[PDB]
There are 2 protein chains.
Amino acid sequence: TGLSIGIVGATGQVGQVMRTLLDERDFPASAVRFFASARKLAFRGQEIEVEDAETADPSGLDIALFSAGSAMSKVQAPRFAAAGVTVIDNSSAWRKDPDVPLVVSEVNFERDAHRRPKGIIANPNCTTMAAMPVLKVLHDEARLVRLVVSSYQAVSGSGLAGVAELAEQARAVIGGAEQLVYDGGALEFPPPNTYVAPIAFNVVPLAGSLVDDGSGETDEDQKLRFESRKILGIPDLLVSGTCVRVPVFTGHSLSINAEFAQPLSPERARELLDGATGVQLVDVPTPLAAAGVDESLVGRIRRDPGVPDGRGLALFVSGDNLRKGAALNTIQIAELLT
Amino acid sequence: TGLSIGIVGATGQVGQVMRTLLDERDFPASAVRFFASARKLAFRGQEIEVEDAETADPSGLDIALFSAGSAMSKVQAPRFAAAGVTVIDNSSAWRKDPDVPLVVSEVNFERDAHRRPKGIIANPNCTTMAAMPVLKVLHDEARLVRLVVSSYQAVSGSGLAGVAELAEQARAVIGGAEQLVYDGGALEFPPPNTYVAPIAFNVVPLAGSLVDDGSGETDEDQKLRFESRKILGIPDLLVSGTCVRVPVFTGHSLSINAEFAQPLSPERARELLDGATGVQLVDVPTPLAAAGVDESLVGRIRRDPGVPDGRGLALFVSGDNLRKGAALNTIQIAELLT
């Protein structure tokens with residue numbers, strides 16, 4: 001193709017996964033550029049200059065994959081787009097923009113991706129992303145009308161800081177761990193910094209900032225609503241989500257109660273999902289099995305008897321939050337663009 | 001009172017918590033008996049003989065607290081009851097018996113406990129138990145009609161074997177933990193024994209045996225339905241539960257979407273729960289904070305917009321599965337009996 005691609009925020013975890021994935025698809029080193037801010041990184045038999053995202057000239061680039069935070073994206077994505085670059089942004093900066101498609105590669109690319117008057121395609125929230133290839137298939141069959149979601153979120157979603165917080169707490173208390181059986185305050189945890197409570201040997205039902213709307217929901221709770229709506233193209237979708245942090249390094253999981261407009265049996269759900277792109281049907285999905293692979297793992301599909309006439313399911317999903325949940329999806333979009 | 005009390009299965013985790021709690025209420029050592037099977041344990045300034053549960057003579061005992069498994073309970077609870085002993089059983093043996101009250105101390109003692117023609121009171125499932133003092137209060141106000149529940153279950157619910165499985169896996173892999181960020185299969189886990197997958201640095205959406213009824217639900221999934229119904233006295237309650245294991249030592253947590261027959265706002269829910277017996281209202285409930293205390297921690301109360309007219313809530317609960325979830329409730333029942 002002779003396609004030219006850039007990565008903005010190349011040294012972060014997501015940036016690293018983007019690089020690994022570009023490599024694992026045998027993409028020429030000669031057609032790749034890296035950017036960060038405030039000097040060389042190896043990529044397939046070559047050392048690549050880490051340019052300055054703010055001041056470097058983006059022209060020549062066909063596609064830029066951003067994973068550099070929202071503040072940077074608000075400024076730099078239009079600058080890159082102005083220079084003729086198609087920007088795929090892994091941040092929240094453009095997700096709520098009605099002129100920016102919010103795209104899961106095998107879900108709404110054809111429907112939404114071609115309409116990008118700002119030159120920007122937004123990459124969805126990782127937690128939402130993991131459920132999308134699963135729900136799309138069920139929605140196409142039976143029409144999805146309501147979601148209840150409880151998540152089990154890995155710390156790598158918080159960048160390196162989440163990883164370090166988990167590792168350092170676990171290392172500090174592992175020696176006396178069994179005392180936590182009788183007294184959760186028995187041990188000396190290094191004080192939390194990123195999270196509102198210790199994460200090692202704990203669960204923490206609080207992810208994100210509390211939205212200033214009187215709801216009691218965090219921005220992460222609400223992403224499950226807003227982004228599912230936009231991605232699935234169901235503007236009035238009913239959603240109640242609870243984001244909960246767990247002591248897992250990589251791999252987000254979701255306990256999903258999904259209601260449809262017509263009956264949908266577990267057997268039929270299994271039959272549809274077994275075929276599906278970006279999906280693997282398993283008995284017991286786990287984040288450890290999901291970490292390092294590409295598909296969303298789905299299983300534990302049951303009828304929810306709280307929905308009349310077999311229109312409700314309970315199902316469980318695990319997916320890698322750095323791969324499909326971030327890096328992989330941007331690259332899959334880039335492939336579909338070219 | 002001069003009350004005489006026995007503990008059957010005194011050396012298990014629950015048995016240990018029963019002993020600690022009897023002590024913490026200044027109960028005389030002279031009025032206590034211990035039982036197990038196949039020799040002395042200290043209790044408040046005295047050494048108590050560990051009798052043989054199968055062959056010892058139960059007469060003299062007013063109350064026996066059983067935590068010795070269901071197989072033992074099926075045989076020994078009637079034998080003890082025949083000898084005039086009121087049996088409070090922390091096992092699943094008598095939970096489904098229509099002549100055995102299934103009692104949460106501050107929920108349905110007055111309603112159900114006095115009717116015990118078999119001399120047996122059953123102690124509820126720990127996971128269900130944690131939600132009961134919370135849901136009772138909300139039910140009394142607005143009438144509970146539907147539950148969706150996703151749990152975050154600690155390993156101590158599985159006895160010492162769960163604790164050891166978690167601790168040994170964590171110790172084995174902690175050294176290379178950060179590699180799990182990119183590859184969930186990077187490290188060498190000691191093979192799981194109790195659980196269907198590794199539990200350290202994982203979540204496992206499978207707790208219990210699959211019920212032989214074509215549902216895909218485990219016995220633990222279904223306990224949330226059957227026991228909530230019996231305890232709250234709502235025979236037709238709609239329930240969908242998903243039991244998920246997490247790397248926590250003690251403290252079960254529940255993400256609950258609860259629907260009522262009339263509108264119930266988060267504000268009103270908070271006001272009712274702030275007063276409530278066996279409940280503590282907190283911003284962010286966690287199993288670490290719950291482990292070693294008596295109350296159910298509840299917070300993150302939000303409207304569930306998937307239920308029309310403000311009749312639906314989302315809320316989060318953490319509770320100690322060995323204390324209120326097992327030992328404490330049996331003792332609270334014993335207090336109310338005397």
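Rounded to the nearest 5, what % of DSSP beta bridges with both residues in the stretch A:124-321 are antiparallel?
Percent antiparallel among DSSP bridges in the stretch A:124-321 is about 70.
I'd like the GluC sites (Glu not before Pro) in the stretch B:166-246 restricted to DSSP loop residues with at most 11 other Cβ atoms within 10 Å, sorted by number.
B:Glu188
Tell me the distances, shortest first, between B:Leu337 and the same position across the other copies, using label points 7 Å along Cα→Cβ, in nm to one decimal.
7.1
Kindly provide the trypsin sites (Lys or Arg not before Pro) of the stretch B:123-192 that DSSP labels as loop, not H, G, I, E or B, and whose Cβ sees at most 16 other Cβ atoms within 10 Å.
B:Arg143
Does the stretch A:66-196 come out rounded, prolate or oblate, given a ≥ b ≥ c as the square roots of the eigenvalues of its C-alpha gyration tensor, rounded meaning a/c under 1.5 and, failing that, prolate meaning a/b above b/c?
Oblate shape, in that a/c is at least 1.5 and b/c is the bigger or equal ratio.
Obtain the nm distance between the two label points defined at B:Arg39 and B:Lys74 by a simple spin-label model: each point lies 7 Å from its Cα along the Cα-to-C-beta direction.
About 3.2 nm separates the two model spin labels.
Which order do A:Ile174, B:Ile199, A:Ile256, A:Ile331 fall in if you start with the one that has the fewest other Cβ atoms within 10 Å?
A:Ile174, A:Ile331, B:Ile199, A:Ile256
Take the alpha carbon atoms of the stretch A:44-101, find their center, do the same for the stretch B:1-74, and report the distance between the two centers in whole angstrom.
After rounding, the separation between the Cα centres reads 68 Å.
Calculated FRET efficiency, B:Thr1 and B:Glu188, Cβ-Cβ r, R0 60 Å, to nearest 0.05? Provide the component values of the computation, followed by the final result.
Numbers: r = 56 Å, r/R0 = 0.94.
That pair, B:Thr1 with B:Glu188, gives E of 0.60.
So for the protein assembly as shown: antiparallel DSSP bridges make up what percent, rounded to the nearest 5?
So the antiparallel bridges in the protein assembly as shown amount to around 50 percent.
Which distances, shortest first and in nm, link B:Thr55 to the matching position in the other copies, using label points set 7 Å out along Cα to C-beta?
Result for B:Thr55, in nm, nearest copy first: 8.9.
If one computes the Cα centroid of the stretch A:105-172 and of the stretch B:157-212, what distance in Å separates the two points?
25 Å
Starting from a label point 7 Å past Cα on the Cβ side, list the distances from B:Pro263 to the same position in the other copies, nm, shortest first.
Ordered by distance, the counterparts are at 3.6 nm.
Measuring from label point to label point, each 7 Å out along Cα→Cβ, what is the B:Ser209 to A:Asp212 span in nm?
Inter-label distance under the simple model: 5.6 nm.
Once you put a point 7 Å from the Cα of A:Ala82 and another 7 Å from the Cα of A:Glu168, both along the Cβ direction, what distance in nm separates them?
The answer from the label model is 4.0 nm.
How would you classify chain B from its alpha-carbon gyration tensor, with a ≥ b ≥ c the square roots of the eigenvalues: rounded for a/c under 1.5, else prolate if a/b is greater than b/c, otherwise oblate? Before the final figure, lay out the partial values.
On the way: a/c = 1.75, a/b = 1.18, b/c = 1.48.
Note, shape of chain B comes out oblate.
Relative contact order (percent) for the stretch A:124-321, with alpha-carbon contacts under 8 angstrom and 6 or more residues of separation?
Relative contact order of the stretch A:124-321: 30 percent.
Computed FRET efficiency, Cβ-Cβ of A:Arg115 and A:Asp236, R0 25 Å: what is it to the nearest 0.05?
Working: r = 21 Å, r/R0 = 0.85.
Efficiency, from the Cβ-Cβ distance: 0.75.
Return the chain A residue and its Cβ-to-axis distance, rounded to the nearest Å, for the rotation relating A to B.
Minimum Cβ distance to the axis, with residue: A:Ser150, 2.
Provide the percentage of antiparallel DSSP beta bridges, counting only those with both residues in chain A; round to the nearest 5.
Within chain A, antiparallel bridges account for around 50 percent of the total.
Each value in this text was obtained by applying a stated rule to the coordinates, not by laboratory testing. Cβ atoms come from the backbone with ideal geometry, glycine included; neighbour counts cover every protein chain shown.
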